[PDB]
Each structure stands twice: as C-alpha cells, then as structure tokens.
Amino acid sequence: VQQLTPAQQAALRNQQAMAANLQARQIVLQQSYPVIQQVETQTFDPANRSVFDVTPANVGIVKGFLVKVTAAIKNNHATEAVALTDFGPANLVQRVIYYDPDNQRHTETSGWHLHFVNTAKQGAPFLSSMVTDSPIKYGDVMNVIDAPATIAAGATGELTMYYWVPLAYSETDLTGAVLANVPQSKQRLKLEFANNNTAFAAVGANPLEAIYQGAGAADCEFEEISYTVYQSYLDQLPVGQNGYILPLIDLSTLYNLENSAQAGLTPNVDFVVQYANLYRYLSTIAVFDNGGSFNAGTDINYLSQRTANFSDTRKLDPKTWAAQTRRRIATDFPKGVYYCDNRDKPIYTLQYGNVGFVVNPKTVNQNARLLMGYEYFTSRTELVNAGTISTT
Amino acid sequence: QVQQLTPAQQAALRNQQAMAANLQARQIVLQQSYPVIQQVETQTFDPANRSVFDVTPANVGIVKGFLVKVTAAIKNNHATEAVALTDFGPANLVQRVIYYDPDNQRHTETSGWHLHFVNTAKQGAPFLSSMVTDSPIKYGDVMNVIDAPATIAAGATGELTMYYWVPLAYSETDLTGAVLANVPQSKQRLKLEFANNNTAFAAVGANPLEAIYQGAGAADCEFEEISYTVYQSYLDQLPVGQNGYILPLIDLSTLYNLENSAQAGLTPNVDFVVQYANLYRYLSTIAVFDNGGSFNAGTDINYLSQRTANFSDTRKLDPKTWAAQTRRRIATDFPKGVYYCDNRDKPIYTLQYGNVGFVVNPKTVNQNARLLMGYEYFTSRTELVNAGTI
Amino acid sequence: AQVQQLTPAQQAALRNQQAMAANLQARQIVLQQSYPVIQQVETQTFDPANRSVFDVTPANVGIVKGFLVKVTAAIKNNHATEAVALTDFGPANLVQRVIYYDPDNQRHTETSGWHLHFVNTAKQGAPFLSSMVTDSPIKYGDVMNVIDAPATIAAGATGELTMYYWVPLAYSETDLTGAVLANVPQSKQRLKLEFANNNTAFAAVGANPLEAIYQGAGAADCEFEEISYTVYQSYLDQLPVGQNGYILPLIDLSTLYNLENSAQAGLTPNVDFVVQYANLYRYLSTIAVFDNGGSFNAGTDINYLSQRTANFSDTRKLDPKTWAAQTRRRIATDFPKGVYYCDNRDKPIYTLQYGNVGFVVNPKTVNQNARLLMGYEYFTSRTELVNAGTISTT
Amino acid sequence: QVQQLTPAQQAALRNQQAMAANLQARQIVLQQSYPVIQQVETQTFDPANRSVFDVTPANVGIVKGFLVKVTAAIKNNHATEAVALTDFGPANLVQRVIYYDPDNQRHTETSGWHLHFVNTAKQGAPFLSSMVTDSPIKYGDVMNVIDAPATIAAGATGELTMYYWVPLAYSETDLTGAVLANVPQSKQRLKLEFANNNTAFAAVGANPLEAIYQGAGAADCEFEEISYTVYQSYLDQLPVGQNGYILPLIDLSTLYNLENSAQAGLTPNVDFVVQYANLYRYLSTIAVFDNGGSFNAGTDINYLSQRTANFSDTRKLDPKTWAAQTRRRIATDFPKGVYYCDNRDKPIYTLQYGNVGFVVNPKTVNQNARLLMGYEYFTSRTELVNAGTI
C-alpha cells in the first residue's frame, strides 16, 4: 500500500505552517518595492591589506549583494609576458563570508565557486554578452566583466568582475532572506581579495586561484584594487497587526554556498564523496585539479551519483555528463569543472537515504585533489518571531 | 469552426473525467518518482561489416526516451583531393531510428537528420551546442559534445561525435507517449541503421542530403570505426496506491510519434499542396526542399503557406518572413532548404483527410525535385484506424 | 445508383424539402420587389513596378450579386529592333489572382485570371464581351473595343489593353444561390486583386507563356507604363420587409458559389492520369489546361479525355476533336490551344466519398515539367465547407 | 486489430446466417449444374482498317468467364534489318479487355499483359505453357497453344498465337464474381481492343511496354492479319427448388474485378507509397517498374514493402528476396521489372483510404519513370460508394 518517507511525513505535519509561509511571501512581494543601493566603496593597494570588512545597511528584507571589483594589474618584467588562466578575473575575490545579524554565517565559498553558481542560476555565463549576426552594434559595449587576454612586458591591464552574493534563492523565492530591520544588530560581509602572491602563477605552478600565468609572473603586481558593494533589499514592507508580515519559514531557512577539497585519488577506482544529512543539495560542482593541470574530460572515466552504495542514478562518461550541462547553461564550464544540477529534486538524505558523488579517474598526477562546491538549504526551526520594543 | 474542422471546444470529444484522473495521476507520478539515466548497450563496429543494429533497452519503470551517442572515425585515402562537410553533417551518422514497444508497436520511424531538427526545435537552440560569448573566463567549446572536422585532407583522419535524443514521452513534465515497462509482454527494440561507406561520402555534383562529407576525394573516403552508446532515461520508484501503481492511464495509451515522408511532382509558379491526414494531432512540420540535389536559402520559393478548406491560406509568407517566425522559436536559422512550421499551441486534428494542407509555391524546379516532410504528432492506440501521413 | 454514387433522388433525401420550398418562395419575393443597382466602388491607377497587389473595399449594401472588374494597361516595348506578340491567353493574364471575402471573413472565390475569364465565356455561351462579325451594311461591329489588345507591339511602340472580368457571387441573375447579404456594419468584406507585373507578363522566346501577356525576342525590354482598374459592384437594393425582419432566401445565402484552381503534375505517356474530384463539393464545370512543358497543342498530344466513376467506369471517353465538338454546342467556338472544358451543370458531381468521380487525360507525348491546370466551379453549402478537403488529388 | 484495421473477426460484420445460406446454395449449384464451354464469335480482320471489337454473347446460365484465342501474322517489310520479341511479347496482342454485365455494369477493365500475369498467378506456372522434361516419350510443345517467333528477319512472316482467360468467377470451386445471365434484361458485352501497326512495333530506344516486337526494322513491320475466337464458359442445368432457382445470392451479387492503374513521381532513395483504397478486398498486386522505357532485374530498386498505418512495413524485402517469395507461387520469375504481391490468404480490406500502402524505394530513376499497378479484388454491389484505386 502507500508508505511515506520520513521527508514526506514531515511535509504533512508542517503543511499548515507552509501554507501560512506561502501566503505571507505573496503579501511581501506584492506590497514591497525592490531597491538596490551602494553601501560601501573602497580603493586599496593589496600589498598592504587584502582582507576587508563591509558593514551592510540595516534596512528591509535583504536579498543579496552585488560586488564590483576593479583591478589595475601591471607587468614589470623586461622581456616576458603573462596570459589569463581559465578562471581568470573570477579569482579577484578569494573568499566571501557573510554573517547574519545573529552572527551565523550564510555563504562561505571562494571566488570561482560563487561565479559558477551565478552562471548556473542564470542559464548562461554570468553577465556575458553573446555574439550574434546583427548589424546593429550590440555586444561587448560596456565591458561589464572584462580582462585582457595577455599583459605584455611593460604594459598595464584593467580588470572588472561582478559577483552576486546571494541571500535569498531568487527574486520570487525568499528562502534564505535576512530580516534587517533591527538597528542594534549589525551584519557583516567579509571579503578576501587577491595579492601579489596568490594571483600570478609561474610556468608550472597551479593556476587554480591565480589570475595570470606566464614566464614574466615574478614581476607582475597590482597597482590598485577598488571594490563597490551594492545591497539589494525589499523596502516598504507590509505591516498588519501582530507586526510585520513575514514568511517565517523562508527567513529561518538558510541558503548556503560552501566548497571543500578532497584528496587521495587512485586511478580506475571510484572516489566517493558523501552528501551529509539535514542539507537539501541543489547543485554540486566538482573541479578536478589534477596536480596543476586541467583537462577536458580525458582524465575521468565517468562521474556518477549513487544511492546507498548501490544502484547508481546518473552514471555518465565525461561527454554525456557535459551534454546534460549544455541543456542547462547553453555552453560548458572551463576545463576540469563538472556541474551537477539537482534543483527540481534536491538531494535530501531524509528522502533518499545515503547519496554520494562518484568520480572514477583515469590518470591521477601528484598533488591531485577534487575540489567540491555545494549549494543547499537547511532549516533548524524557531519558536520566537518577536523582538519588539513595547515602550514605543 | 471558422477555420478548423473542430475547434478546441469541439475537439473535446473525449471523456473529460478520464482526462481529469490522468492529469492528477501524472502529477503524483512526477513527484514520488526519481529520474534515472543509465547506459543499456554499447558496441564498436565497422560499417563495412555491419551497419544495422537492434538494441535491447532495459525493462524498468516508465521509459521517457533514449540518448544515443554516436562516435566515428573517417579516413580519407585520396592522393591529392580533400573533402568538406555537408550542410547536415554529423546528423547523418544515423540513417534510421525505429523504436518498438513491448507489444511490438512502433513509435518513432524517422531519419537521423529529422530527429536532430526536432531536438533543435524543442530546445529553443541548436541541440547540445555551445553559444559563443564575450567572457574572459574560458567558457566555450571545451568538451566537444557535438563536433566534426570541417575538412578532412588527403591522407588524414577525422574524429566526429553526434548525439541524438530519441523521444518517447513528450517532455520532462508531459508524460504523453511514455512506455510502462515494469512487467512487459516481451523485449523492446531500438532499430538503428547507421551510415555506410556508400551513403556517407558524396561525389562532386551528387545529392548531399544523406551524406556526411562531399568533395573530389570522396571515392577514397572510408570509415574506420563507429561506436554507439545508448542511454535510457526513465522514472524509477513509482508510487503505489491501494490498487497497485498510480498511473496516468491515457498518457501511457497515447503515442508521441515522429514520422518521415516524401512528395515529388513540383512545377514552377503554382501551389504544391501537401495534404495532412486525419486523426493525427500534428505538432510540427519540417519541409526540406531538395531541388534536385541543390539546396537554396529561399531563393527558389515564391512563398510557403498552410491552408484549410473553409479558411484560405493562414500563414502565407515569403521565405524570409517564414524564416523570421523560426528565429523567434530556435533563435537561429535552420540550414539551407529546411523550413520549420510550429503547431504546438494549436495542433492540427481534422476528421477529414485533406482539410489542412501545407503549401510550397516554387519558382525554379530542377529535375528530381521533391519535398522531404517530417512530422511529429500525437495519436491514441486507435492509430490502427488511421491512414498514411500525407 | 448506377452511374452516380447518389442519384438526384438519393441526394434529395439528404435535404430538408420544406426548407427548400420556403427558400424558392423567398427568392421570388426578393427578385420581384428589389431594384438591381450597379455602382462603382473603387478606382485607382498605379505602376506595377511600385505596387501590384491591391485590396478593394466594396459597399456594404443590399444583396451583392458580383463584381465587374475593368483593367486597362499601357505596355511599352523599349527594345531596339525586336517586337513581341500576344500569347494565347493574352489580356486575360492582366489579373493574376482574385480573392473575395464576405462580411464574415469567409473566402468565396480564389482562382486565377485566365480561369475567371473562361468561366465567363462558358456561362455566356460566347467569348466574353466580344462582338461577332456579320455582313450587315449598318455599321455594327467592334466600335467601342470593350476587350481589346494589339497583336504585336513593335520596337519603340506602345499598346493599350482593355480587359473585363465578372467576379461571380450569385450563380445567375435568376438564381440567387451564392449571393452575399451585406447590410451589416463591418469592414471584413474585401476583394483582393493581384495584378500582372513586369516579371510575370513578358516571356522570352522558348519560355512558358502561360501567365504571360506578350512573348517575343524583345520581351526583356518590355515594360508597363500604367495599369488602371475600376471595380463595379452589382447588387439588389430595397429588400422586401415583412414581419420578422427582411424576407430572405436562407438557403441561397448560406451557400457559396466558388471558383478554385489547382495544378497536378506527374503525367506519363499512353496511360491514364486520373485527377480525382473531391468529397462534399457540388461541381458544376471543369476547365483543364494541358501545359505540356511550356507547349500548348490543339489536341495533338492527347489520346482521349474522359470522366471516370468507380462503378460505371467511363461516361464521356472521347477523342480530343470530339471533346471539342461537345463544347461548340456550348460556347459556339472552342477554347484556346490546351484548354478543355467539361460541363456538369445538368447533373452536378456531388459524391459523398472522395475519389469516386475522376477526370482522365491520356497523353500521347509528355515533355519535361508537364502538368494539368484544373479549374473548378462548385456549390459548397456553408456548414459543410468546414468539413471539406482539398479540391483535387492525383 | 494490432496489424490490420479490421481483422477476420472484426471483418465479420456481415450477416453470417446469409453467409451460411450462400455457402450451402453454392455447393448445390456446383454439384447439380453442368459446365458448358461453347463458341461465341470468331472473326478475322486487318488492324489497318478496324481494331476495336464488341462481342455480344448469349445470356445463358451462370457465366464463369471467357476464353479468347488471338492469332496473328506479322510481316517484316524491311530491306536488311530484323526485329526481336519484347519481354511481354504476344501478351500485348490484346490491348484492352472490358466486360459488361447484362445490367450494363463493368467488371474487368485491364490491359492484356495484366490479364496474362493474373492467369499465370492463379495457375502456379506460366499460363498454358509446356514444362520442359527429360522424357523420351514425345511430349513438349506439340500443339503451340501460346507461340511467337523470337525474331522476324527482313522479308519474313511470323505467326503468333495467344490465349486469354477473362475471369468472372474467382475459381472453379468459388462462384464469387460469377454473373447470373438468366435475367430479363439486355445481353452482356465483351469489348476487346487489339494491337495496331502503331502500338505493336517499337523502334530501338523507344518504350517496349505495349509493343510486341522491337528492333531496327520496326518502321516497316505490319500486321498482315489478326484473327480472334471467343468462347464462353457457363453452367447449365441449374437446380430448381421449391421457390425457384437455388442460387448463391451474395456470391452472384459480388464482383470479382481486375483493374489497371499507373502512378508517377519517383525520386531516388526515398519511399514511394502507393495507397490501397478502402472498401475493396484486394487479392493481388502487380507492380511494373517502367524506369523510363527501361526494365531491369531489380538493379534499380533498394527494397519493396507493404506498409500499414498501425504496423510498420510488413514485408520489407530486397528485390531478390521479394522474387524468392514469388518463386514459391508461380514456380519461376515474372519478366524484368514485374513484381508480384500475393494477398489471397488475407485480403486487404481497410475502411480508410490509406491504411495499407505499397512501397517501392528506388535507387536510380530516369525521366518518365512510373509504376504500372494492376489489381484484382472482390467488391459487393456497393462499389458505387467506392473511390479510385491509387
């Protein structure tokens, strides 16, 4: 007969709180107004400081941040040039941490992983201009994301990069958004930037977190790095009786971005990375750093997503795997990056039992690691929606 | 009934309570099930030995379709002359696709070029292609999912890959046409005819409709190796109620079929009507104007149209305005000679044979000129009372 | 049923006979209490190098019986030495297409200009709007040049053409079957007219002069100077009013009288080429034009023509010279070379099953790109034109 | 109904009590009556003067068919060049056969070559031929029942002999199709058109389809004489019961008809579908692939088939396996270009016009290429509600 999973039994005992959460989200999105506003601008030399702290404005229901990073890389070598890596200007930011007003961190990931989830949630390369056949001069007019492909010996290059640091899931789904109408509780957006060490790899180094690589990289340096943060929030919140109208489940659930690093790979043996409990995984990104070398599928036998340790659900070679990615973002990721979409059916071990991610390599070099990147929800329920001054 | 024989209110000759239970049972299935894709067969062969293969898919779950990866290697053993790609290219690696339901019931019987274009038209873009952007981050053509060299020189070798989605269900959210295969009657069949050394290399001046390469060195071009891999997409972990499986009973008893046809007898500056058939629910129409081995970009056509009996021409347009309606569909143009007609918002369903027709008015017609028609359509299990498409 | 599928008594039990007796009473009241008006509804003069397709707004009044279309042209031959000569279809190719839409956006007649001209001939009993030559000493004859065209335009000369077309809606002046009640305030009623232009009206030597007007060695330099058109609408005004609104023949106004053309190819020598008639139409006549690859012959490339039926195979299997003898009893002449007329006005083809009646051409010699250009007139009785199919099949 | 539109149990929408009374009355007639064959008409003419004849036999009994002996004499008045026989040969001595009922209802309207091949197909051997054996007893070709010289030299004269069975009843034990001529109405007609001096001699290069001889002296060949004789097979002493004649009522109101057709519009390497009309009961199909006046032994055909709407191809075979299935039928091969399809065990009977089709996939198509289709079929007296036999 019919038997429900523990995930479906929880969905029937929380079905009146979810109906109240849906009708409170519809009232907020109907009656509020989207505002984007600059909250911080700074220009620094990264030979003195590279870790920065950004205090957001405490207003409305925050949906996310737009970070604009601009750089002025100068090459001081006499006779040798450098060239862009495969991640390029996405390594201008090395780490993004955001802390809640409750001092609970939401997103703690690197710069390349934030860019690829921005790519995956758009359906195209993030803030890119596609090439067409039109005689009307569209195209790369404004240089939103730009970097020169080669900085010569004695030249100077200007870089621009945009990051969307997400808090809410989308502009119509407020799962993960932050109430910020609290004056005494600050937020925090920690931003690590590149240096003259971590951004100019030599010939034979690991260009994973670098920006330029070449035989003149020992004399490449920044001149300045400027950043600008834009806070995107919902102003003019609806107020009924009993205070603000709030999607309580959507504000207590987080939406996170985390990356890891697994090692110890063996040729032609299944490397398994287990999905953890309590998380509802929306996308996995695996990067095969094969010891400072990135190859277009020719060092992988197959990628997979297993149930318990048995009965695979998508076991594909690295071109059939990339064919499912081309239905998502209308291109494929750089060399070594493999994306797995789980947005319609999220990987939830309460629903499916133990689920792992499998990589079977073909060639494993020395210092070869597997760089995971996750994107998920997590709930952790609440009992007080209060915090109102009664002497007002 | 101002234009079509039955409008959408008169086309409600169905039960409308079996339609309500079908839509409810489909939405239950698409929640409690999980999509699995897995390889079912793989074989590497030589086209000089064998060229037609029959593939046995697994009898699991509710089957949604098949992803066929075909990889090939071509040696050009000419002394001095090279060959070049045709307009259809690696999409002619597979010559025929026939699928058979466990009750020995055929579903899709097309060529490979027609199956590729329906894959393009259902994505909104060329199938499994990578768009070219302006990013400094190195996206682009990285993995070479669909790829073929544009020219194989004399004494060189070219490696080329092609993917085909053989559909059974209509889409990922519409389960019309899907096959229940848990406890079947017999095995399923996936007949696959591949390209030969006789069909894949056309000489200078030949008809490059089914060819892959064409040039002066085509007499000394040969295959070395063709591998195929068939993946099966299906829905596992089906929901179970008080009476066994929860099933969309008239989505599984419906056939989402793709079919091919061909009509000849064109004369210049008059209408060449290609009459649709009754009792099919036509969803799209692809016409390929093979003008005697020559393919032109609308230069040999006065107009294209789609008529009715009561109404006149409904979308009579010149070839560049017909192409403008397809750049809103797939965001590019089809190759030369290929014309797409979408009827997905309003399917053709007549009850009289020649009630709706497809019209091409040519202006220059060479000998052995023909229209190569491809159809995708819905039909129930009473396809046995139908007639020929066209 | 021995020849036809439905006998005239069998297809009279498929109709309401009390609604038909009430329909012929309402037609006699309309035809004796109305006034026939003919009125010019549109006129403009153009250059076909600028515009050649026109939409004509008629007048929304009365019960419309048809349209009279006068076309005048001014062809110039800018060649240096060579002249051109008039083709067999001639000035009848001044109009290329005719489409009429009624007040309810329902099309009626969608045919070519040469096919409209031959049905105009076939219903008069003579070549349309022509004057016969007599031996009267009183100066009758061709005084006004109603339909006129010079036979040859020399190098550096100009010719004036004049052509008339009757676009029928009603079947005749005594039978209002096919007429349109147009006293409704709308704008969907129009008369689309595509005219000849500089590409379709001058054919080179050895080309296909089917839709051309002139043909010769100097046809590359022939141009139009000017084309004028004038449209006259014939209708019945002051409709009789009893109670319950107007007194109208309801079956006559819910029936279409249409003219349609189609082309079929695929002829091979010395075997039958059966062009099938269609289900649910009521065919009245049939024009067949044998374009033998740009060549038109006076029956010297046909074995025989015939009409065909499922049981009772051939009904008029005749020689081409004997087929022409049955049309000299109709129009007191014969049609141009390649044109063959089949009359079915006494017993109309109405056949309830698609290819039951067919039209046969047995050719002796078939050139490359040969075809039959059919032309049909029919009653089709709206509420079953929606359930109809294609007008022909081979 | 997996394969056909209506299977044999669904095609039993007849009375089945009038079927058992028809079967009972048929064997009473076949036991009690007596087969009579007698001469109707003999006539000797010149084809330069007259060539079409109308034979009016007497209205006796239950008519089973007609035997037509045609004898001819052909002079070759050329100076130095000779002519040679075609593949169809003396079977083109009769160009057209039409029979009419006493009620002026036509039954068979074919050519002479198609009437000959149906005579071959219903026997199991070439019609009225001598099997070559090894016996020392002098059997063989003694009487020359069907004879023609293979080559008529310059100045020579050749004598031809040819026999035709024009069928009315289907067989000698099945009276389906027979004509009850004991009626108070007019006499039956048998229209016969013969060869001329314009249609029996083809020049070198011309189409030898309706010709008898073909060669470089064919401009000077002419008939000296053609004689014909018509015999009539019928049953007399019909049984009388209590209510008059004992008659197979729904066997005499059924027509066994042979009919001819022709379709054009072939292009290389695509399917050319020729659809089987509804309401006929097709027993056989003869398709002659005239490839522009050239007849080949399967070298210009990829495959032949018989499609269905619900099913796929049912007998898709290469042209030598298709000929292998007819060697189990007539114990030899039909001439070059002639392809035979047998449906006598399960006749085609659709109720929808394009349910079953006949497919030829060519590989080389010349100009004026066509298929010459010949059908034989059963139909009731409601042939008046039928359509064309494409």
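Read-outs throughout are calculated quantities, based only on the coordinates presented, and are distinct from any laboratory measurement. Here Cβ is always computed from backbone atoms with ideal geometry, including for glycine, and neighbour counts include all displayed protein chains.
Side notes on the structure shown:
- Both radii are taken from the alpha-carbon atoms of the range A:174-215; with Rh as the Kirkwood radius, Rg/Rh is 1.35.
- From helices alone, chain A scores -4000 deg cm²/dmol at 222 nm; the rule is -39500 (n - 2.57) for each run of n ≥ 4 DSSP H residues, then divide by the residue total.
- Annotation: the residues D:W322, A:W321, sorted from fewest to most other C-beta atoms within 10 Å of their own C-beta, follow the order D:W322, A:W321.
- From largest to smallest, the equivalent ellipsoid semi-axes obtained for the range C:322-377 from the alpha-carbon gyration tensor read 21, 20, 10 Å.
- Reach of A:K335 by Cα under 26 Å, taken over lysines that are not fewer than 8 positions away in the same chain: A:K68, A:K121, A:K315, A:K319, A:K362, B:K69, B:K138
- Most mobile of B:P239, B:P136, B:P102 in a GNM of chain B (Cα contacts under 10 Å): B:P136
- Mean residue ellipticity at 222 nm, helices only, chain D: -3000 deg cm²/dmol; runs of at least 4 DSSP H residues each add -39,500 (n - 2.57), and the sum is divided by the number of residues.
- Efficiency of FRET between B:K320 and B:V132 - r from beta-carbon atoms, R0 22 angstrom, step 0.05: 0.35
- Summary of the geometry: the range C:194-253 and the range D:288-317, compared by the centres of their Cα atoms, lie 47 Å apart.
- Kirkwood hydrodynamic radius of the protein assembly as shown, from the reciprocal of the average inverse Cα-Cα distance over all distinct pairs: 39.1 Å.
- Within the range A:8-102, none of the chymotrypsin sites (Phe, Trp or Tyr not before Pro) combine a DSSP coil assignment with at most 11 other C-beta atoms in a 10 angstrom radius.
- Computed on the range D:242-390, the Cα convex hull volume stands at 137 Å³ per residue.
- Placing +1 on each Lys and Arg Cβ and -1 on each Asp and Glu Cβ, with no other charges, gives the protein assembly as shown a dipole about its Cα centre of roughly 3500 debye.
- Cα shape, chain B, gyration tensor, a/c 1.5 rule: oblate
- Within chain A: Cβ-based charge dipole about Cα centre, in debye rounded to nearest 20 (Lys, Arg +1; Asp, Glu -1): 1160 debye
- Largest-first ellipsoid semi-axes for the range C:75-217, taking √(5λ) over the Cα gyration tensor eigenvalues, angstrom: 32, 22, 12
- Whole-number Å³ per residue for the convex hull built on Cα positions in the range A:1-240: 208 Å³
- Summing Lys and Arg as +1 and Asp and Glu as -1 over all other residues whose Cβ lies under 13 Å from the Cβ of B:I62 gives a net charge of -3.
- Scaled radius of gyration (Cα, divided by 2.2 N^0.38 Å) that the range D:134-198 gives: 1.82
- Residue order, fewest to most surrounding Cβ atoms within 10 angstrom, among C:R308, D:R381, A:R306: D:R381, A:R306, C:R308
- Test item: D:256-269 mean partner chain Cβ contacts at 10 Å: 5
- When chain B is treated as a Gaussian network with alpha carbon springs shorter than 10 Å, the biggest mean-square fluctuation among B:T151, B:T80, B:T108 belongs to B:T80.
- Neighbour-limited loop hits for trypsin sites (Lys or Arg not before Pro), the range B:173-274 (at most 14 other Cβ within 10 Å; DSSP other than H, G, I, E, B): B:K187
- Each residue of the range A:197-204 is assigned a 3J(HN,Hα), and the resulting list reads 8, 8, 10, 10, 6, 8, 6, x Hz, derived from the Karplus form 6.51 cos²θ - 1.76 cosθ + 1.60 (θ = phi - 60°), x at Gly and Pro.
- Only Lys, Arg (+1) and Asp, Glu (-1) charged, at Cβ; the range C:243-394 dipole about Cα centre in debye: 280 debye
- The trypsin sites (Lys or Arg not before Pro) of the range B:16-76 that DSSP puts in a loop, and whose beta carbon has at most 12 other beta carbons within 10 Å, are B:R50.
- If you take all other residues with their beta carbon under 10 Å from the beta carbon of A:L167, and give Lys and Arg +1 and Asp and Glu -1, the sum is 0.
- 12 Å beta-carbon shell around B:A323, net charge (K/R +1, D/E -1): +3
- Anisotropy class of the range B:85-128 from Cα gyration tensor, a/c 1.5 cut: oblate
- Inter-centroid distance (Cα atoms) of the range A:296-349 relative to the range D:48-83, Å: 80 Å
- Fewest-first sequence of A:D344, B:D141 by Cβ atoms within 10 Å of each Cβ: A:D344, B:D141
- The range D:197-237 pair-distance distribution - Cα-Cα, 10 Å bins, rounded %: 25, 34, 17, 13, 8, 2
- Within the listed set B:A297, B:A153, B:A79, the Gaussian network model of chain B (springs between alpha-carbon atoms below 10 Å) gives the highest mean-square fluctuation for B:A79.
- For the range B:147-251, the square roots a ≥ b ≥ c of the C-alpha gyration tensor eigenvalues yield an a/c of 1.5 or more together with a/b exceeding b/c, which makes the shape prolate.
- For chain A, complete DSSP H runs whose alpha carbons reach 20 Å or more along their own long axis and whose mean Kyte-Doolittle score is -1.0 or higher are A:15-31.
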